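Take a look at the structure tokens below, where one protein chain is shown in two forms, each on its own, as structure 1 and structure 2.
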Structure 1
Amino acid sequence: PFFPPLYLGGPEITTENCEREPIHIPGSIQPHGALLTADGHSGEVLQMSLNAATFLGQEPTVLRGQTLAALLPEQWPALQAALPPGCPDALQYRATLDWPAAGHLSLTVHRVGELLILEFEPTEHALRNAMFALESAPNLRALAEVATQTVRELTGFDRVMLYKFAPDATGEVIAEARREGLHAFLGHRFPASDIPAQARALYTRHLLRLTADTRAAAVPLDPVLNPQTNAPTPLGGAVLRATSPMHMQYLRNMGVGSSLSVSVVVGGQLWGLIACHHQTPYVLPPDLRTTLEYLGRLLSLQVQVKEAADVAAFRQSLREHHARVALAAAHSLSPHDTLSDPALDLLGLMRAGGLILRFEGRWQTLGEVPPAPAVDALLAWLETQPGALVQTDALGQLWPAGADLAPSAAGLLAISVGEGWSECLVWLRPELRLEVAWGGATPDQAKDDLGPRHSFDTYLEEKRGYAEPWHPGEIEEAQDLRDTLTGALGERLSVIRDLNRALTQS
């Protein structure tokens, strides 16, 4: 639930109440364009940006109280065709204008409810080569390099980087291209507090936003409330939408003049950003932004292709080792024997230190394992767990009672044959020395200050109770075992009923 905005009457936003900021309703725009709201039926003007009078070059007595039919005679018929009543608010329409007072204008329109938002901005063979270059990258780190070079070339920005999210919403810079004699942010990881959750929800909907100037003063809308609904006007799909005042402070301390980002969306989920900085105030032309929007879409396809090629490659190293195992667990009638032979080796398939088997109603260990009573502690925890696969790199965090059992078991991968964890397998990876290079500060040191942090330098933190993280192609290998074992469970039942049959008869 969001707090009301400042103009209506709401509380002051700090680091504590961050999630509850109405970013999508600022009631203000960035001062390098003009904004008009009109009725989606009559064509009568309802709101103006305060700067619109001069930018379009007319007396505001005339603008307030006029039809879109009289202002844009060539466009108003064309506009009503493209955006019919009851259309998604993500749908946009663009056209170019020859306004004599200014010169050349680029008009961008979209519909929200019974309302039209109008955005005005001044305006005036490599993309084909770039598209073909992305499709012929070998791996993923190769694809991310081609992206950053290509974007820096077109835009002429100081720094361009590809920023990728983890499943816990802390991001990592995976590739970077910059000007010479500058700091390097590559490899650095960042907390889940820099990008709030409602902002992540927005960046899945609309796929581009920017800040032309970080030291700019915002321009209000008049009248401030939409008189149709007597409510604040939603500016989510508007590009001239003023930036959140909190984030503006952040870019000042990092010492940035201008920002831009394009969202990468894989299968209806936010995957990462392409984030650009410049040292000085800098305005990108609107016809160049369009090129960036195509590249965002091309990437969103090629991310899928390269990731699925990385897994298939890895899993072709473990081919014969997989195939002999799969044959041995498909004819097993006693798993406590066939899955314990060192001649098969289940420790090497997963590159694990130890293993805990559990079938029938007992348990048996291979390799390097915790002491005996501590095994029964671990298993007791797994029975409460929801799914059919539990995967962790740090065990001490998920389970604090087993934070002392790091030397043998820091890492864990567990699969449940059948359901309920009556029967399972558990691979164990030992403790490792870990050093994570945080860009700025650790997650605990992001909630101390009333505003953003000052330091953005390379920070080293020693993490304890961590292990070697699981390659995704190994998790895919495990889930294929989990199927074979659960599959041949039917034969096991079959037999025992026939045993039961005799012993009922006796």
Structure 2
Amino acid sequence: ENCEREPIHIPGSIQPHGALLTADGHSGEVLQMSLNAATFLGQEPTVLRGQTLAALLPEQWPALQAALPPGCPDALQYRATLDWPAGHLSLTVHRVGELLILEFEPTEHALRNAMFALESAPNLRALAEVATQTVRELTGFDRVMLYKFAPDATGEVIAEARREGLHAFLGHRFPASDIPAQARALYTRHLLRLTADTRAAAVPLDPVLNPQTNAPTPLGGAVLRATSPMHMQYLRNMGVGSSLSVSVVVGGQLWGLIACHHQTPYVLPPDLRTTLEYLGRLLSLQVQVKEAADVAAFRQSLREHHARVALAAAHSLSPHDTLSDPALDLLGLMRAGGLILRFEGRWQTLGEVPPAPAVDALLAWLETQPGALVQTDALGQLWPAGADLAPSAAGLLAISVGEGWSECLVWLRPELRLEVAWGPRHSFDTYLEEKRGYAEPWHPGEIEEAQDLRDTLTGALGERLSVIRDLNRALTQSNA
């Protein structure tokens, strides 16, 4: 119930497969330190506590402070490899406030070929398939998926690269409840996340509170962050050991999220994580290319039909006489059953349309809607009173030429029934309850041609204005 208010940013504990130290970003005096760090680094904790970073790491300090000035964001990272008698470790540092955060992990042509493979993917399906195929090759994970977040905050499993002897997760959809808001904010900032074990116990820090502020330490930028005790339980019921997610951020929005699950507890080398980090950058880029090609190809086919409607609405002195002529046919362009044409006051219908008292109720609903365009494939969801009028009007596309919904075109698609079918299964049942009655979902190539008719009709709303005044001016001349 109150699982959306849990502070994920402040666990106060780390994952037991490395070491963590946080120290003041001016003095270098060691403040906070995990319990395990004494055994890991192979030094007495009394020595480490109250020691400068100029003493412990005497060569890395004049490089650490240079690359990390006070003022830089807590997204900037600095990696280094150093040798210790206790073998050679991995050092990863960053800066929060005036506190340097040190991370320690034990360390020990495929990328270039993958790059060109992604750049020469024909569509978004093939890009998704290849990306997942590459990840499974380099890492050697069992299951590797790719969610795509719908603008109603629901994930959709579009691709998979699985091991033989496991059921497919393809086509799976999960609600907004599983990924809360505070998690989504953190995943927009920090692109990588790693969980080596799900049944392992968290290692606390000593002392827990940062004496600089007397406040808990924010460890959002840390890879060794202990994961939620609810998300672990979720993966325990399925029986999943390792989890690695790489977030896809497009235009400052969380596009999608690769998830790499494993049956057995697994710890990945930090040399291969960097390769994945690179792939995350490459997959955020190419998605913006492939989805741009998905619409541009779709529009190209219908453009011959589109140009006849656009040029006729360009010199539209009559909105009724030209935009109702069957030689244009506005139903076939958008693949819809019904069309409503409301101009000047008179409402005109074309094709299969709901009854007249319901029409005047539908146009009353669109006026109350603040948006310029109304896009819905289920009108029963948005408008509860107009759910019985689905047989003729299930999917709706409405544009207001001008503003105020005085002059508007409405597209109506026929009714089609949809039923969802497949602990992930109790999350699946919440998605099952939401959907009842739907229609054919709107293609984004159609939306771009729908809003291109808006720009040529409203441009004619100015040419129409001129001659109307002229008719008034000539009338007054005849009156005088």
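Only the largest set of C-alpha atoms that superpose within 1.5 Å between the two forms is called the rigid core. Counting starts at 1 with the first residue of structure 1 and goes up one by one along its sequence.
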Residue from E59, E476, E44, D457 whose Cα, after superposing the rigid core, lies 2 Å or more away between the two structures: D457
C-alpha positional change at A374 between the two structures - rigid core reference, Å: 0.4
C-alpha positional change at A388 between the two structures - rigid core reference, Å: 1.3
